[PDB]
Amino acid sequence: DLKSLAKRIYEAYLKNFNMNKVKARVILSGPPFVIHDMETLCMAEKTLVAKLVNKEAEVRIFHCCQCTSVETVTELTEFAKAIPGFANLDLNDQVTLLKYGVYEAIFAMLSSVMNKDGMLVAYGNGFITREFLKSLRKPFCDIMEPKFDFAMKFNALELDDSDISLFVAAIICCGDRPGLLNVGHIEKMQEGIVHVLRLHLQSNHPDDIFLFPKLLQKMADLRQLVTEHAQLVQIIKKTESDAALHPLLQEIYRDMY
Amino acid sequence: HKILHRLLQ
Ligand SMILES: CSc1ccc(C(=O)/C=C/c2cc(C)c(OC(C)(C)C(=O)O)c(C)c2)cc1
């Protein structure tokens, strides 16, 4: 019953996200083209985003990041639509939950394609190194390093996709978002998902008896990561003309934090 | 939020 809510959420995760942790680990275990310097970035661009190539490399990369985000937002909207109870909410609350939750979910899921040396990109066909991203000019070199720091500690929890699907549902189904209309119903929806997450972790991770409170803390850490990311994005938009922001992403950030 | 609202429709 609750086991079935957990399975339905996991099934919806496997169906709606192009990348999952099993798929990513297969690729990361050895084929992705390695982007480790300007030469290989330019090569990967010609093979994997050929239409895109011509501002500075950093602005081209930032454009690619946005395309990745827009795609993941669409996947999250479908996944959410598949979360039992979500589609019965007021359409305006559905928008609010997704507006505040998508980047928390994005950076949680990004951990699955990250290791200490770099991350998968372009639908698993590239691997960009962490040191290359640090090498970009300011402010672009400041984007990803806090996400790697989050991911190394998140990955140390050794969650699998059955855990992560419930965690992403719990992020989305969050009753304390600003502007909610039916807070009471959302809190009950959230309580039900968190209940299923709590029991699932007890079953799937009997070795780690604090895993549930650890994940509650990661949820709070993600909120802060998102606030800080949104601040950097605002600095980039105001100080870099070549770095326009996609309209869906402007809509999400607008009046967020 | 017209894109989200349409994405959800
Ligand atoms: C082919 S090169 C390449 C491809 C993909 C990636 C990548 O994974 C992106 C991570 C990433 C990067 C950035 C700037 C990012 O913030 C943007 C897009 C403005 C936002 O939506 O707020 C997010 C949310 C995620 C890096 C390089």
# chains A, B, ... in the order shown; residues from 1 in each chain; ligands from 1
$ residues_near_ligand --ligand "ligand 1" --cutoff "8 Å" --atoms "only C-alpha atoms and all ligand atoms" --output "ChimeraX atom specification"
/A:35,41,44-45,48-49,61-70,103,106-107,110,119-122,126,128,140,143-144,229-230,233,245,249
$ interface_residues --of "chain A" --to "chain B" --cutoff "7 Å" --atoms "only C-alpha atoms" --output "NGL selection string"
:A and (77 or 95 or 248 or 251)
$ residues_around --residues "residue 156 of chain A" --least-positions-apart "5" --cutoff "12 Å" --atoms "only C-alpha atoms" --output "ChimeraX atom specification"
/A:111-112,114-116,149-151,208,211,214-215
$ write_last_selection --atoms "N, CA, C and O atoms" --output "PDB file, in the first residue's frame"
ATOM      1  N   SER A 111      23.587  15.416  -8.629  1.00  0.00           N
ATOM      2  CA  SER A 111      24.575  14.630  -7.903  1.00  0.00           C
ATOM      3  C   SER A 111      24.761  13.258  -8.556  1.00  0.00           C
ATOM      4  O   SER A 111      25.851  12.709  -8.523  1.00  0.00           O
ATOM      5  N   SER A 112      23.695  12.683  -9.120  1.00  0.00           N
ATOM      6  CA  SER A 112      23.829  11.353  -9.708  1.00  0.00           C
ATOM      7  C   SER A 112      24.804  11.320 -10.873  1.00  0.00           C
ATOM      8  O   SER A 112      25.299  10.240 -11.214  1.00  0.00           O
ATOM      9  N   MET A 114      27.518  13.352 -11.128  1.00  0.00           N
ATOM     10  CA  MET A 114      28.755  13.983 -10.682  1.00  0.00           C
ATOM     11  C   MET A 114      29.639  12.990  -9.927  1.00  0.00           C
ATOM     12  O   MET A 114      29.156  12.178  -9.117  1.00  0.00           O
ATOM     13  N   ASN A 115      30.954  13.091 -10.169  1.00  0.00           N
ATOM     14  CA  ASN A 115      31.904  12.489  -9.225  1.00  0.00           C
ATOM     15  C   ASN A 115      32.957  13.537  -8.867  1.00  0.00           C
ATOM     16  O   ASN A 115      32.802  14.715  -9.220  1.00  0.00           O
ATOM     17  N   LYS A 116      34.005  13.151  -8.138  1.00  0.00           N
ATOM     18  CA  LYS A 116      34.906  14.204  -7.662  1.00  0.00           C
ATOM     19  C   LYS A 116      35.724  14.821  -8.781  1.00  0.00           C
ATOM     20  O   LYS A 116      36.278  15.913  -8.594  1.00  0.00           O
ATOM     21  N   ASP A 149      30.357  20.352  -4.325  1.00  0.00           N
ATOM     22  CA  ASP A 149      30.538  20.152  -2.877  1.00  0.00           C
ATOM     23  C   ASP A 149      29.305  19.507  -2.273  1.00  0.00           C
ATOM     24  O   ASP A 149      29.427  18.549  -1.497  1.00  0.00           O
ATOM     25  N   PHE A 150      28.111  19.991  -2.649  1.00  0.00           N
ATOM     26  CA  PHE A 150      26.878  19.357  -2.199  1.00  0.00           C
ATOM     27  C   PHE A 150      26.842  17.889  -2.638  1.00  0.00           C
ATOM     28  O   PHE A 150      26.545  17.000  -1.841  1.00  0.00           O
ATOM     29  N   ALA A 151      27.134  17.633  -3.917  1.00  0.00           N
ATOM     30  CA  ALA A 151      26.995  16.298  -4.480  1.00  0.00           C
ATOM     31  C   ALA A 151      27.960  15.308  -3.837  1.00  0.00           C
ATOM     32  O   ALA A 151      27.632  14.132  -3.702  1.00  0.00           O
ATOM     33  N   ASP A 208      21.746   2.400   8.209  1.00  0.00           N
ATOM     34  CA  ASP A 208      22.020   3.831   8.464  1.00  0.00           C
ATOM     35  C   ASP A 208      20.807   4.399   9.183  1.00  0.00           C
ATOM     36  O   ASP A 208      19.837   4.866   8.562  1.00  0.00           O
ATOM     37  N   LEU A 211      19.482   7.982   8.402  1.00  0.00           N
ATOM     38  CA  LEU A 211      19.423   8.455   7.030  1.00  0.00           C
ATOM     39  C   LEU A 211      18.244   9.415   6.805  1.00  0.00           C
ATOM     40  O   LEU A 211      18.350  10.379   6.051  1.00  0.00           O
ATOM     41  N   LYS A 214      19.183  12.804   8.099  1.00  0.00           N
ATOM     42  CA  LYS A 214      20.214  13.324   7.201  1.00  0.00           C
ATOM     43  C   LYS A 214      19.588  13.912   5.957  1.00  0.00           C
ATOM     44  O   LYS A 214      20.028  14.969   5.507  1.00  0.00           O
ATOM     45  N   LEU A 215      18.561  13.246   5.399  1.00  0.00           N
ATOM     46  CA  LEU A 215      17.971  13.750   4.157  1.00  0.00           C
ATOM     47  C   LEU A 215      17.126  14.984   4.410  1.00  0.00           C
ATOM     48  O   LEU A 215      17.054  15.860   3.552  1.00  0.00           O
TER      49      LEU A 215
END
$ residues_around --residues "residue 79 of chain A" --least-positions-apart "6" --cutoff "7 Å" --atoms "only C-alpha atoms" --output "list in words"
residues 12, 13 and 16 of chain A
$ write_last_selection --atoms "C-alpha atoms" --output "mmCIF file, in the first residue's frame"
data_model
loop_
_atom_site.group_PDB
_atom_site.id
_atom_site.type_symbol
_atom_site.label_atom_id
_atom_site.label_comp_id
_atom_site.auth_asym_id
_atom_site.auth_seq_id
_atom_site.Cartn_x
_atom_site.Cartn_y
_atom_site.Cartn_z
ATOM 1 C CA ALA A 12 7.266 7.680 -12.533
ATOM 2 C CA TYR A 13 10.870 8.701 -11.913
ATOM 3 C CA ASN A 16 10.139 10.730 -16.882
#
$ residues_around --residues "residue 205 of chain A" --least-positions-apart "3" --cutoff "12 Å" --atoms "only C-alpha atoms" --output "PyMOL selection string"
chain A and resi 157-160+162-163+197-202+208-212
$ write_last_selection --atoms "N, CA, C and O atoms" --output "compact mmCIF listing (two decimals), in the first residue's frame"
# COMPACT_ATOMS: atom_id res chain seq x y z
N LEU A 157 26.00 9.32 0.90
CA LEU A 157 24.85 8.62 1.48
C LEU A 157 24.51 7.35 0.71
O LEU A 157 23.75 6.54 1.23
N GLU A 158 25.04 7.16 -0.49
CA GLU A 158 24.81 5.94 -1.27
C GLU A 158 23.32 5.65 -1.46
O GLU A 158 22.87 4.51 -1.35
N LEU A 159 22.57 6.67 -1.85
CA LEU A 159 21.17 6.42 -2.19
C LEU A 159 21.04 5.76 -3.56
O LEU A 159 21.90 5.89 -4.45
N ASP A 160 19.94 5.06 -3.75
CA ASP A 160 19.69 4.59 -5.10
C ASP A 160 18.50 5.33 -5.65
O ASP A 160 17.88 6.18 -4.97
N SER A 162 15.49 4.38 -6.17
CA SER A 162 14.23 4.26 -5.41
C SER A 162 14.16 5.26 -4.26
O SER A 162 13.06 5.76 -3.96
N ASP A 163 15.32 5.59 -3.66
CA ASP A 163 15.35 6.61 -2.61
C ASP A 163 15.19 7.99 -3.23
O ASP A 163 14.48 8.84 -2.70
N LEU A 197 8.62 7.98 2.38
CA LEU A 197 10.09 8.10 2.35
C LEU A 197 10.73 7.53 3.61
O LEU A 197 11.70 6.77 3.54
N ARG A 198 10.18 7.89 4.78
CA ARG A 198 10.71 7.41 6.06
C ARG A 198 10.70 5.88 6.12
O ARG A 198 11.71 5.25 6.45
N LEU A 199 9.56 5.27 5.82
CA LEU A 199 9.49 3.81 5.83
C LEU A 199 10.40 3.18 4.78
O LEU A 199 10.98 2.11 5.02
N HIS A 200 10.50 3.80 3.60
CA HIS A 200 11.32 3.22 2.55
C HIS A 200 12.78 3.23 2.96
O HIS A 200 13.51 2.27 2.71
N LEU A 201 13.24 4.33 3.56
CA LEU A 201 14.64 4.36 3.98
C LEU A 201 14.94 3.33 5.05
O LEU A 201 16.04 2.79 5.12
N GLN A 202 14.00 3.12 5.98
CA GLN A 202 14.16 2.10 7.02
C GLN A 202 14.32 0.72 6.39
O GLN A 202 15.13 -0.09 6.84
N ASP A 208 21.75 2.40 8.21
CA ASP A 208 22.02 3.83 8.46
C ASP A 208 20.81 4.40 9.18
O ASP A 208 19.84 4.87 8.56
N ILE A 209 20.84 4.33 10.52
CA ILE A 209 19.56 4.59 11.19
C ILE A 209 19.23 6.07 11.26
O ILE A 209 18.08 6.41 11.57
N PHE A 210 20.14 6.95 10.86
CA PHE A 210 19.85 8.38 10.80
C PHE A 210 19.66 8.88 9.37
O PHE A 210 19.69 10.08 9.13
N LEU A 211 19.48 7.98 8.40
CA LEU A 211 19.42 8.46 7.03
C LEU A 211 18.24 9.41 6.80
O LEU A 211 18.35 10.38 6.05
N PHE A 212 17.09 9.16 7.42
CA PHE A 212 15.98 10.08 7.20
C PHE A 212 16.29 11.49 7.72
O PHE A 212 16.08 12.46 6.97
$ select_by_dssp --residues "segment 39-128 of chain A" --states "strand (DSSP E)" --output "PyMOL selection string"
chain A and resi 114-115+118-121+126-128
$ closest_residue --among "A:93, A:72, A:155, A:60" --to "residue 113 of chain A" --atoms "only C-alpha atoms"
A:155
$ atom_distance --atom1 "atom CA of residue 240 of chain A" --atom2 "atom CA of residue 253 of chain A"
17.2 Å
$ residues_around --residues "residue 225 of chain A" --least-positions-apart "2" --cutoff "8 Å" --atoms "only C-alpha atoms" --output "short mmCIF file (atom, residue, chain, number, x, y, z; two decimals) with N, CA and C atoms, in the first residue's frame"
data_model
loop_
_atom_site.label_atom_id
_atom_site.label_comp_id
_atom_site.auth_asym_id
_atom_site.auth_seq_id
_atom_site.Cartn_x
_atom_site.Cartn_y
_atom_site.Cartn_z
N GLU A 104 15.77 22.88 -6.43
CA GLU A 104 16.19 21.96 -5.39
C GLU A 104 16.25 20.55 -5.93
N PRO A 146 30.01 24.91 -5.77
CA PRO A 146 29.14 24.55 -4.63
C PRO A 146 28.23 23.35 -4.91
N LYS A 147 27.89 23.13 -6.19
CA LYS A 147 27.06 21.98 -6.56
C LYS A 147 27.88 20.70 -6.45
N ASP A 221 19.68 22.15 3.11
CA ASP A 221 20.91 22.57 2.44
C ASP A 221 20.62 22.95 1.00
N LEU A 222 19.74 22.20 0.34
CA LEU A 222 19.40 22.51 -1.04
C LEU A 222 18.68 23.84 -1.15
N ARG A 223 17.77 24.14 -0.21
CA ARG A 223 17.10 25.44 -0.25
C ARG A 223 18.13 26.57 -0.22
N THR A 227 19.00 29.39 -3.12
CA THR A 227 19.02 30.82 -2.87
C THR A 227 20.33 31.44 -3.33
N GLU A 228 21.44 30.78 -3.03
CA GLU A 228 22.73 31.30 -3.44
C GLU A 228 22.92 31.22 -4.95
N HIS A 229 22.43 30.14 -5.57
CA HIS A 229 22.54 30.05 -7.01
C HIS A 229 21.74 31.16 -7.67
#
$ atom_distance --atom1 "atom CA of residue 105 of chain A" --atom2 "atom CA of residue 171 of chain A"
6.6 Å
$ atom_distance --atom1 "atom CA of residue 124 of chain A" --atom2 "atom CA of residue 17 of chain A"
12.6 Å
$ residues_around --residues "residue 142 of chain A" --least-positions-apart "6" --cutoff "10 Å" --atoms "only C-alpha atoms" --output "list in words"
residues 133, 134, 135, 136, 229 and 232 of chain A
$ write_last_selection --atoms "N, CA, C and O atoms" --output "mmCIF file, in the first residue's frame"
data_model
loop_
_atom_site.group_PDB
_atom_site.id
_atom_site.type_symbol
_atom_site.label_atom_id
_atom_site.label_comp_id
_atom_site.auth_asym_id
_atom_site.auth_seq_id
_atom_site.Cartn_x
_atom_site.Cartn_y
_atom_site.Cartn_z
ATOM 1 N N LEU A 133 35.849 23.577 -15.214
ATOM 2 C CA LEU A 133 34.837 24.561 -14.841
ATOM 3 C C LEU A 133 35.392 25.624 -13.888
ATOM 4 O O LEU A 133 35.004 26.790 -13.964
ATOM 5 N N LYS A 134 36.281 25.225 -12.981
ATOM 6 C CA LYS A 134 36.978 26.151 -12.092
ATOM 7 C C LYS A 134 37.883 27.094 -12.857
ATOM 8 O O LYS A 134 38.245 28.153 -12.326
ATOM 9 N N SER A 135 38.240 26.749 -14.078
ATOM 10 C CA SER A 135 39.217 27.525 -14.830
ATOM 11 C C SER A 135 38.589 28.669 -15.609
ATOM 12 O O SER A 135 39.325 29.487 -16.181
ATOM 13 N N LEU A 136 37.260 28.678 -15.737
ATOM 14 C CA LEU A 136 36.520 29.682 -16.477
ATOM 15 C C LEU A 136 36.680 31.043 -15.800
ATOM 16 O O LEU A 136 36.879 31.132 -14.585
ATOM 17 N N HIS A 229 22.435 30.143 -5.567
ATOM 18 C CA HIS A 229 22.536 30.053 -7.013
ATOM 19 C C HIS A 229 21.740 31.164 -7.672
ATOM 20 O O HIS A 229 22.224 31.798 -8.609
ATOM 21 N N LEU A 232 23.585 34.352 -7.760
ATOM 22 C CA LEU A 232 24.654 34.417 -8.739
ATOM 23 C C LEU A 232 24.087 34.615 -10.140
ATOM 24 O O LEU A 232 24.650 35.373 -10.960
#
